[PDB]
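Have a look below at one chain only, the form deposited without this ligand, in structure tokens format.
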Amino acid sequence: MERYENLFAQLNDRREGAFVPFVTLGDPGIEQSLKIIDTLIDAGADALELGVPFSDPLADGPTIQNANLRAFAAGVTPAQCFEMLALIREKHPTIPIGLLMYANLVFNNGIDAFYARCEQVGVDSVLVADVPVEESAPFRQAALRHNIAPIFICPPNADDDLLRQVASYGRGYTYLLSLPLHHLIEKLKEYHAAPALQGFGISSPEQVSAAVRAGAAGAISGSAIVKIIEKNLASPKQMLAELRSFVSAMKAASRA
């Protein structure tokens, strides 16, 4: 979680927002996915959110459903995803890396063991998509024992009790999906929550700037990156060019 603390301190000093792309690991293959992720970083991503393909991604809409299918078609497994994570961390020592996981993949071989593997490869946070705060105890506990930030979603239908739990329980950042927005953001700060990243349908530069203006620490593009991969499957080179240009533009919007 320390990489996030360092990142947000750096951005705060520059009066700048964070821009964080999501991609599915191994979409559309391992080699291309590694290149995609390097492109995202070189173009100015501040952190990554990386999904491990799961058979049943309940929290995910059609774009990410299709990305999971492409990765499975390429034979991607969680073991291969952890190999990729080691390679990414090896090339990029400071960028915060967050995983988007489904509960079964974390519980499968033991929750403690999963977080220990995260710590060993150099992952910084884990968001378990189908674990609400009410069910979160063993996940958050194992995360913190292994120096992993447990990331929680603050949904649009969040009440005060939930804001307080997410503020207490989370580290790294709060994943905001958005009570009025100003209220959610104010309350999270009042409750000393992890800095908020707005993740609701972020697909254009102006949305990044608006998120920062609203008081959020930055924005997460939950599917726009994946859409670019999907739109350009037939041409890997053009895919990278379009990713670089998009991330470039989104990051530019976060600058003071």
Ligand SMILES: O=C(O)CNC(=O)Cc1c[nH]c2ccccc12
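Throughout, we count residues from 1 along the sequence that is shown.
One more form of this protein exists, namely the form solved in complex with this ligand; it is left out here, but the text below deals with it.
Clashes are found between this ligand, overlaid from its position in the deposited bound form, and the backbone or C-beta atoms here, as 3 or more atoms lie within 2.4 Å; the site counts as blocked. Proximity to this ligand in the deposited bound form, taken as heavy atoms within 4.5 Å, picks out 222-230 from the listed stretches 222-230, 208-216, 26-34, 184-192. With the partner omitted here, the residue from 167, 129, 144, 121 that has a non-hydrogen atom within 4.5 angstroms of this ligand in the deposited bound form is 129. Proximity to this ligand in the deposited bound form, defined as a heavy atom within 4.5 Å, holds among 103, 153, 87, 95 only for 153. Heavy atoms of residue 139 never reach within 4.5 Å of this ligand in the deposited bound form, leaving it off the interface.
When this ligand is considered in the deposited bound form, residue 175 lines it closely, a heavy atom lying within 4.5 Å. Residue contact check for residue 40: none of its heavy atoms lie within 4.5 Å of this ligand in the deposited bound form. Interface residue remark: residue 49 is counted as part of the site for this ligand in the deposited bound form, having a heavy atom within 4.5 Å. Residues of 43-67 placing a heavy atom within 4.5 Å of this ligand in the deposited bound form, in sequence order: 49, 59, 60, 64.
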